[PDB]
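Asker: following this: a sequence and the matching experimental structure.
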Amino acid sequence: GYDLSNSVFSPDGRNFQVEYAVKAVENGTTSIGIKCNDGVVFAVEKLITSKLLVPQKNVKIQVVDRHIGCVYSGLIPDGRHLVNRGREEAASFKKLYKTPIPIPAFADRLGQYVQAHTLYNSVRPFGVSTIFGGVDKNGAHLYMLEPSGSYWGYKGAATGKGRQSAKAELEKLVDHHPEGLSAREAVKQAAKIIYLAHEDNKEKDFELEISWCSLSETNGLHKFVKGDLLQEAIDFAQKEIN
Amino acid sequence: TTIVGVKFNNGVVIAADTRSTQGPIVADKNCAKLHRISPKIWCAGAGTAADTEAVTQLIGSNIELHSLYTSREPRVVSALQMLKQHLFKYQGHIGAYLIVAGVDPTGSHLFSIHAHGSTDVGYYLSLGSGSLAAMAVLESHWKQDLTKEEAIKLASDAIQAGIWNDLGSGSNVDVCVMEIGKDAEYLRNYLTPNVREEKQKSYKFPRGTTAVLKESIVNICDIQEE
Amino acid sequence: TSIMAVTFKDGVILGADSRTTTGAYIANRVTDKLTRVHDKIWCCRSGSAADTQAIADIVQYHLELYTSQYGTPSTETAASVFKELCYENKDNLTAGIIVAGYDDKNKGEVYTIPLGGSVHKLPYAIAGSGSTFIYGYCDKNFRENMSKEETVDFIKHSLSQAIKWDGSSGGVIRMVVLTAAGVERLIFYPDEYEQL
Amino acid sequence: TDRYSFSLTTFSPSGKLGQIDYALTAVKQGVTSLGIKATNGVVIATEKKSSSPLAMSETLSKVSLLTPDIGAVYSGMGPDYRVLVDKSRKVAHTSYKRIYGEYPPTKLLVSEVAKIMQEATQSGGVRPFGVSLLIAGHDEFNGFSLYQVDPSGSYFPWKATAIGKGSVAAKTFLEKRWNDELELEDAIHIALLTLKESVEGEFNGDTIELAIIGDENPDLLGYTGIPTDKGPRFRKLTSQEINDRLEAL
Amino acid sequence: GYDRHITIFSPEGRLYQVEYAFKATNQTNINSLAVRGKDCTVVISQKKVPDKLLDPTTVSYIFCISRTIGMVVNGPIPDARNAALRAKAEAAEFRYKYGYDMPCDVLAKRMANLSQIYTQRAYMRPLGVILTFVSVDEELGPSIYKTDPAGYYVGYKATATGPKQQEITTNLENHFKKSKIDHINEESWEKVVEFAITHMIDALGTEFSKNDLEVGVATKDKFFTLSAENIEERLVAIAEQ
Amino acid sequence: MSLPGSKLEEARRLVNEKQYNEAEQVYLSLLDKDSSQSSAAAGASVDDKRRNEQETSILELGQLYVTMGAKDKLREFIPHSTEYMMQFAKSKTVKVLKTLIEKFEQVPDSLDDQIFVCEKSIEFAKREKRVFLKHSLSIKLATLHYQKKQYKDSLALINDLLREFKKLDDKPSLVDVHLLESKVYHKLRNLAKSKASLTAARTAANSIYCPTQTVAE
Amino acid sequence: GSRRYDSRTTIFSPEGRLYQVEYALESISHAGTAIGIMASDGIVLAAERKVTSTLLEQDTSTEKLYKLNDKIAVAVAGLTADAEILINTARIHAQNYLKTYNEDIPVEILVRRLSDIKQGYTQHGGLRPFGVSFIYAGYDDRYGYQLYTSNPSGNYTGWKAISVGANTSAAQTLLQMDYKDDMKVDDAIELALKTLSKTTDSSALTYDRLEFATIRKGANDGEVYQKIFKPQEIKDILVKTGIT
């Protein structure tokens, strides 16, 4: 009863199949997004289940367009398919209007899409929360997208097992800078609170990945963090938690 | 044929002739060339006749729907827009030379539409083969802000000139006056300028002046009981 | 038919005739070709009447939806839709469209779209049939960044020569001024530019 | 995919197609509406109910026009009727304004609309609509007619009938008031009097919708000067006029 | 049984599955109020920002369907954006094929049919959002139409939405009984905004801020939104009355 | 159309502005005028169908009557106003006849005059007219017998309606009769069946369709 | 799901029998009686309505009788609503035969077609069958007058006289005992009325509850004239046979 499809509805006003899908991402990886003034900084915890893996080869950060970063948590194949559709959307906009799609526009379109699969018993919903953002001529934007098809403006967002650990620190970070803060400094921050959300993942070990889209350094394109900047961040977070 | 439409401040008048030619053969002495997309939206048609008649049937249904959905007076430009799109994808293989007239609560309107899907506006327009002859007479007498009576005349006279310098224009001149905020007044046979002259003797003959081979009776009145 | 648009200091002015021929008969001589697809981006029709009007309607339909979801279009954005429909009917439809608009993302812009469909940014644009005879005058007499009055008179003078040398361009000259001062429709009657 | 092409109408193990019986129940949960056939007109009447006191019953239409000379009125579900009246208009236009040209006979049109009801009890992904329609009309061939369309997809001509929650009481009311010869005026009085007993709110003429398919009226066509052609035999009575009628019961 | 799980009638003739759709718009705790002014239509609605970490400027319940028609939504946000999109496509559609902007009346009717179609299938979930469309039309004047999940719609003098909307309704009804007309008289739309706020504060028992409100105004030929600053201007004018 | 309107107006201004004795002459010509319309003496004074006039004439003839002033002329008028109702030969006579008697009830006349006029109506209602009508006019005569303080004449009339009109029964018109019946019994000073019939009236009014007057009673 | 809301309605049962067809026969026994008799001068179709109300107009009700073509008519017993669709399919199939062969359709062909549609509903699509039984009066030039009865399963069986609808048992036996093969249209007209008065769902058979129709070869040259009688002529013939 009311737990056999996504087009039953309960007298409670609740859809449980859809609610249940948020729990899928709750057993996913920890991922954070800091909304900056110049851009956005994403970071994602990559769990290490053995040492046979090859670190920074197993991508969860896919770029959509030349300027929208997307990183997702939850059931992995599902999230890769959600990004798959969104790349088609990027090309279509470019084809008709000859300009890269805006950040709010992309957010809109994905919401429609995730809506569609909770309206029919003939397609299965997704099991991912995605975090994406960027820079356009309306400014920097940050969005988190539920598998219900919900998004909002976000000063800071997180998801995964340690979404609680992450969000608690982001509140204090708006206390430190009530004027928002720079993307370049937020790289070091981004590492910091994944280490803090690895205290819920403290019977495992992790690989840290960081990606950024900022207008003040990378000219408003979405790129990866690597090399010297990366290891500075790794060192910072270590000493703090030690 | 000839169709004139004269827009003016207070309304619009559309007038047409009743001579139907196919080729240089005159199909009809009398025929109504004023057609109804909608009860407020009248047009008349020139060029080939079947194509005008067909497309106003087709768009009359679509507009009639729309008028029921809103439950109030249909806008003129709705008809305009739909005709244009329809004709455009045939690329003008359907010959419709319509003068589309109508009133609605966003003013008086007057449009013309071509086979290809061209549309013009004006405070007066003329179409058909006799358009040219009509033009001249109009442009002398026409003023800004005509009276309804004055406009009546000027329209009828312009068609009259069609009768005299064009061979698609003839028998009767009908007028329809559409005024904002009232009912459209259909003035059929407003001016009758030509009668068949009298003949000099009647053409009767007694019977069987034509030979007859055989005959039979043929009943359609029903079917039969016993 | 001739259409042009010319950039100036504070925005952009669009200029058109109002005569439309088919063959030797003028169908109407007071039909406005200046068309509004956004409050702030207007465009100019020339060539075959039906083709341009059809495309203009389609673009308005698409731009409406753009506004209601994503924010307003830019002059660029708008040009592309005209362009791409002309690219899909490049063997069928012959259309001259100039898309000009005043933004606050980009101040005044002129884009033009040929029959086959390409977009081209220019500091001035001309298109049609009659505007190719005024082409040389255009470039020799053009100035970058003129006064409002200087732009109005330049367009008036260009189209006077156009009407001179082309019988399909005639009637009134119609202009739209796009700015951050308002939107100003202007009209010049024939005696007024025959003096000059 | 598409795996809903199994009918959602079925039989019961005790006979009797169960789905259209449920759909017929929704009419007894619906509003009351009635039609009295006269011998020189037809009258149809319904009550306006809204879910708000700020709602406009001036943009609320429960009596709607199909063609000038034919009107319809429902009892049952609002939403169901809202789409169904559009489909009635659509088939009437595509099959009798593009093929036969003129406005159809009443008898014809009633049959055609019943076919759409039938085709919502055949296919999957569709269950039938749960309203009953009274289609009153006049054609110059079969005279005045009043018909009732079922949620089963059948039709019946009636002498006078009601549909809605008070239908059973109403046909008992009509038994003694009805006569084979009626005037149109007298019909109005009978119709509204029966519907006053099938409304348990207050009974106004601002909240009661009245329409006659009675006398022609030419000036509602849109033109005048050819009398061989008329305007609508349908004529909706404005509110103030209905108030005059409340006094005439 | 299983006439409550898919949209098939019961032995009462009732669709329980559809009724449940109404029961979900109370779960976001959003109220809206919309009244017809003298030359405007104002809708004021709650804006919940429960955290800092939500950026308040983005949290929008107001979607512009047309240039002239605003839409305010009460209920779950996925279904809101879904409904907005359908409506936007249809408005554009009609402008393209009929040569003017889609009437508010006809748009309401359109969404009503689509709602019925979502309850006509037996694997399609009704869109649970309640939609308010506000406009100033040039043929119907100031207008409010509220469509609902079942696919019923009706015009409106004024309307409210939310879990607490009976109270709001009570206030508005009494006002139009003293005034004896169906729209508020004033002559500056600004003061109709101010009046609407006063009634809302009375109804829900709470004074609102510039980020507890989000305000939309349709005047003639236009719809726009007030920024959070403009709203603070109004709350000073509460003092000034 | 203009002539019956003008004559009505003329009467009215004289009443309130000039003298009530000049209106008297116009009243008498007005009643005769009304007979011309009623017999179609030009086409009903509009030419060819009775069109508008059909309704108007009996409507302005009752507007005259209530205006008005208790006169012997007024009393005398009314006995022959029920022949004027048959003169038309129309089917709309049901609706107006009720208001006709009622206006005469309103004006003080005394024991005889109100009852005699109402009984006379019942005689024409069994001639050819509806079964609904007779019962209405019996209800009215019944009320009159009670007003004039006659309770044997009221009781006897009432019994034949209620007992035999279960074979001609759909009407909400028996609610009226039960309530009246209790009133009669009260003033015979027999409260046993006054109470029994009141309950029956209450239960028969427990279904919801009833006027405000009806509940007040 | 989508297989979650289907219990499988149009499979066979363990006696080889379709659930929906078996339920259908019961629902047609709810509906009014219709009897067909074949005389050696004609065919009589006679039908009693399943609805008769307070103020139902039955004076023009042509709601059981339908002309499929000018030599083939049907009597209907079952859902009137269900029957509609097949009635108009039949009109189309008949006119098609005339259009392409320039000849009137045989009775055999037309019935066999409609039966195929019924069979087709349980064969594919998950769809239910229309709960209808038809009695066909038809003339052809190859078997003369043909009488048929068809059932919701999609099978046809010939008869000399047959009954459908309510109270088929009682009617069938009485018809067997009283029918002779040398009866006329006159005799058959009276026999049908007597059988319908033993199966009337009221306690009396009335002229406005009767639809009565014939196909007679008394029309000249041996042509068949179909007649659906007026309500005054049914009343006319019902007093003649001495029911009323």
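Answerer: Ah, there it is. Residues are numbered from 1 along each chain as shown, chains lettered A, B, ... in the order given.
Asker: residue in chain C nearest to chain F?
Answerer: residue C:68 (49.3 Å; C-beta to the nearest C-beta). From N, CA and C alone the C-beta is placed, and that goes for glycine too.
Asker: so the helix or strand containing that residue, near chain B or not?
Answerer: Following DSSP states H and E, one finds residue C:68 within helix C:49-70. Yes: applying C-beta under 8 Å from any C-beta of the partner chain, one finds helix C:49-70 in contact with chain B at C:49-50, C:53-54, C:57.
Asker: measure residue A:158 to residue A:107 for me?
Answerer: 18 Å (C-beta to C-beta, to the nearest Å).
Asker: ok, those two, which is more surrounded?
Answerer: Shown here are residue A:158 and residue A:107; by other C-beta atoms under 10 Å in any protein chain shown, residue A:158 has more neighbours (28 against 22).
Asker: thought that one was touching residue A:171?
Answerer: No: the criterion here is C-beta atoms under 8 Å, and residue A:158 misses it with residue A:171 at 11.3 Å.
Asker: mind listing the strands for the chain?
Answerer: As the question left the chain open, I've gone with chain A. Taking DSSP state E, the strands of chain A run over residues A:31-35, A:39-48, A:61-63, A:68-74, A:128-136, A:139-145, A:156-159, A:205-214, A:222-224.
Asker: that's the wrong chain, I meant chain B
Answerer: Remark: strands assigned in chain B by DSSP E are B:2-8, B:11-17, B:20-22, B:25-28, B:34-36, B:42-46, B:97-104, B:107-113, B:119-121, B:124-128, B:173-179, B:184-191.
Asker: likewise chain C?
Answerer: Going by DSSP E, chain C shows strands at C:2-7, C:12-16, C:20-22, C:25-28, C:34-36, C:41-47, C:95-101, C:109-113, C:120-121, C:124-128, C:173-178, C:183-188.
Asker: which of the strands of chain A sits closest to chain B?
Answerer: Closest among the strands of chain A, using C-beta to the nearest C-beta: strand A:128-136, at 35.3 Å.
Asker: strand A:205-214 and the closest one, what's the angle between them?
Answerer: 30 degrees (axes from the mean of the first three to the mean of the last three C-alpha atoms, to 10 degrees).
Asker: chain center to strand A:128-136, what's the gap?
Answerer: 6 Å (C-alpha atoms, centre = their mean, to the nearest Å).
Asker: can you check stretch B:123-137 too?
Answerer: 14 Å.
Asker: now the end-to-end length of that stretch.
Answerer: Across stretch B:123-137, the terminal residues are separated by 15 Å (C-alpha to C-alpha, to the nearest Å).
Asker: got it, and stretch A:55-68?
Answerer: OK, stretch A:55-68 end separation, C-alpha to C-alpha: 23 Å.
Asker: and that stretch, is it in reach of chain C?
Answerer: No: judged by C-beta under 8 Å from any C-beta, stretch A:55-68 stays clear of chain C, getting no closer than 14.2 Å.
Asker: ok, and the closest non-adjacent residue to the closest residue to chain D within chain A?
Answerer: At 4.5 Å from chain D, residue A:122 is the closest residue in chain A, using C-beta to the nearest C-beta. Once flanking residues are discounted, residue A:122 sits nearest to residue D:1: 4.5 Å by C-beta to C-beta, 6 or more residues apart in numbering or on different chains.
Asker: that neighbour should be in a strand, yeah?
Answerer: No: applying DSSP: H, G, I helix; E, B strand; the rest coil, one finds residue D:1 to be coil, outside a strand.
Asker: for it, grab the count of nearby residues.
Answerer: Here the number of neighbours of residue D:1 (other C-beta under 10 Å) works out to 9.
Asker: surely it touches residue G:1?
Answerer: No: if you go by C-beta under 8 Å, residue D:1 and residue G:1 don't touch, sitting 11.0 Å apart.
Asker: contact partners for the residue of chain C closest to chain F?
Answerer: Neighbouring residues of residue C:68 by C-beta atoms under 8 Å, 6 or more residues apart in numbering or on different chains: E:63-67, E:88, E:91-92.
Asker: before we move on, back to that, OK, contacts around the residue of chain A closest to chain D?
Answerer: D:1-3, E:123, G:2.
Asker: same thing but 7 Å
Answerer: When contacts are counted by C-beta atoms under 7 Å, 6 or more residues apart in numbering or on different chains, residue A:122 touches D:1, E:123, G:2.
Asker: report the separation between residue D:220 and chain B.
Answerer: Remark: distance between residue D:220 and chain B (C-beta to the nearest C-beta, to the nearest Å) = 9 Å.
Asker: dihedrals phi and psi, the closest residue to that residue other than its chain neighbours?
Answerer: Leaving aside its chain neighbours, residue D:220 sits nearest to residue D:231 (4.6 Å; criterion: C-beta to C-beta, 6+ apart). Note on residue D:231: backbone dihedrals following degrees, to the nearest 10 are phi -100, psi -170.
Asker: cross the contacts of residue C:68 against strands and list the overlap.
Answerer: E:63-64.
Asker: out of the contacts of residue C:68, grab the one that's most surrounded.
Answerer: So for the contacts of residue C:68 (other C-beta under 10 Å), the most neighbours sit at residue E:65, 30 neighbours.
Asker: residues contacting residue C:134?
Answerer: Here residue C:134 is in contact with C:126, C:158, C:161-162 (C-beta under 7 Å, 6+ apart).
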